[PDB]
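*Asks:* Below is run_34.pdb; it holds PDB, C-alpha atoms.
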```
ATOM      1  CA  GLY A   1       5.717 -68.392  30.854
ATOM      2  CA  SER A   2       6.851 -69.533  34.072
ATOM      3  CA  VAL A   3      10.124 -70.958  32.546
ATOM      4  CA  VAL A   4      11.778 -73.877  34.342
ATOM      5  CA  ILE A   5      15.580 -73.816  34.021
ATOM      6  CA  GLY A   6      18.391 -76.123  34.910
ATOM      7  CA  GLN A   7      19.598 -74.269  38.075
ATOM      8  CA  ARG A   8      18.698 -76.184  41.218
ATOM      9  CA  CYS A   9      17.509 -74.581  44.408
ATOM     10  CA  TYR A  10      16.252 -75.077  47.951
ATOM     11  CA  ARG A  11      14.773 -71.567  48.427
ATOM     12  CA  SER A  12      13.509 -69.129  45.826
ATOM     13  CA  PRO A  13      16.279 -66.555  46.344
ATOM     14  CA  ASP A  14      18.724 -69.306  45.144
ATOM     15  CA  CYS A  15      17.245 -68.618  41.660
ATOM     16  CA  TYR A  16      17.873 -64.905  41.336
ATOM     17  CA  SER A  17      21.390 -64.945  39.762
ATOM     18  CA  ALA A  18      20.045 -67.292  37.051
ATOM     19  CA  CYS A  19      16.456 -66.029  36.402
ATOM     20  CA  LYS A  20      17.423 -62.350  36.273
ATOM     21  CA  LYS A  21      19.356 -63.161  33.032
ATOM     22  CA  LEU A  22      16.102 -63.992  31.303
ATOM     23  CA  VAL A  23      14.114 -61.314  29.478
ATOM     24  CA  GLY A  24      11.440 -59.958  31.890
ATOM     25  CA  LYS A  25      12.385 -62.351  34.792
ATOM     26  CA  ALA A  26      13.761 -61.624  38.210
ATOM     27  CA  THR A  27      13.843 -64.146  41.104
ATOM     28  CA  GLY A  28      11.435 -66.891  40.188
ATOM     29  CA  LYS A  29      10.279 -69.653  42.520
ATOM     30  CA  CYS A  30      11.945 -72.884  43.590
ATOM     31  CA  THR A  31       9.798 -75.895  42.860
ATOM     32  CA  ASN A  32      10.820 -79.614  42.729
ATOM     33  CA  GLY A  33      14.365 -78.425  43.374
ATOM     34  CA  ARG A  34      14.446 -76.460  40.091
ATOM     35  CA  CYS A  35      14.248 -72.701  39.401
ATOM     36  CA  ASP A  36      10.946 -71.689  37.801
ATOM     37  CA  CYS A  37      11.627 -68.229  36.464
TER      38      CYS A  37
END
```
How does the structure come out when it is put into C-alpha coordinates?
*Replies:*
Amino acid sequence: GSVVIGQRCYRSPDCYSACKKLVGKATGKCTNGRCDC
(Lines of atoms letter the chains of each structure in order from A and count residues from 1; the text may use other names and numbers.)
(Lines give C-alpha, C1' and ligand atoms only; values in the text may rest on other atoms or scores of the structure.)
Protein backbone atom coordinates (compact mmCIF):
# COMPACT_ATOMS: atom_id res chain seq x y z
CA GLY A 1 0.00 0.00 0.00
CA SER A 2 1.86 2.49 1.82
CA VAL A 3 4.50 -0.13 2.94
CA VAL A 4 6.35 0.52 6.20
CA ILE A 5 9.93 -0.82 6.13
CA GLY A 6 12.69 -1.22 8.62
CA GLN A 7 14.83 1.80 7.49
CA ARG A 8 14.66 4.62 10.02
CA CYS A 9 14.49 8.26 9.11
CA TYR A 10 14.18 11.84 10.33
CA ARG A 11 13.14 13.40 6.97
CA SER A 12 11.42 11.79 4.02
CA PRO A 13 14.41 12.03 1.66
CA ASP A 14 16.24 9.67 4.13
CA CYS A 15 13.94 6.94 2.70
CA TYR A 16 14.73 7.21 -0.99
CA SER A 17 17.69 4.75 -1.23
CA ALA A 18 15.50 2.10 0.47
CA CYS A 19 11.97 2.73 -0.96
CA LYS A 20 13.14 3.08 -4.57
CA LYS A 21 14.07 -0.66 -4.43
CA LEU A 22 10.42 -1.56 -4.04
CA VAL A 23 8.22 -2.19 -7.07
CA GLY A 24 6.39 1.08 -7.93
CA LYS A 25 7.90 3.07 -4.96
CA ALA A 26 10.18 6.05 -4.93
CA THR A 27 10.85 8.25 -1.85
CA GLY A 28 8.09 7.50 0.60
CA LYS A 29 7.39 9.46 3.78
CA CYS A 30 9.04 9.37 7.19
CA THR A 31 6.57 8.67 9.94
CA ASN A 32 7.24 7.52 13.56
CA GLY A 33 10.91 7.39 12.60
CA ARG A 34 10.26 4.67 9.98
CA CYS A 35 10.16 4.83 6.16
CA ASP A 36 6.63 4.44 4.78
CA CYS A 37 7.18 3.68 1.12
*Asks:* To test your reading of the syntax: which residues would the PyMOL selection byres ((chain A and resi 13) around 9) return for the file shown? Reply as a ChimeraX atom specification.
*Replies:* /A:9-12,14-17,27-30
*Asks:* Select, from A:25, A:31, A:18, A:36, the residue with the minimum atom-to-atom distance to residue 3 of chain A, counting all atoms listed in the file.
*Replies:*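 Looking at the shortest contact to residue 3 of chain A, the residue is A:36.
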*Asks:* So what does the PyMOL selection byres ((chain A and resi 6) around 8) actually pick up in this one, as an MDAnalysis selection string?
*Replies:* chainID A and resid 4:5 7:8 34:35
*Asks:* First collect every listed atom of segment 31-36 of chain A; then fit an axis-aligned box around them, widen it by 4 Å on each side, and give centre and edge lengths in Å to one decimal, as JSON.
*Replies:*
```
{"center_x": 12.1, "center_y": -75.7, "center_z": 40.6, "size_x": 12.6, "size_y": 15.9, "size_z": 13.6}
```
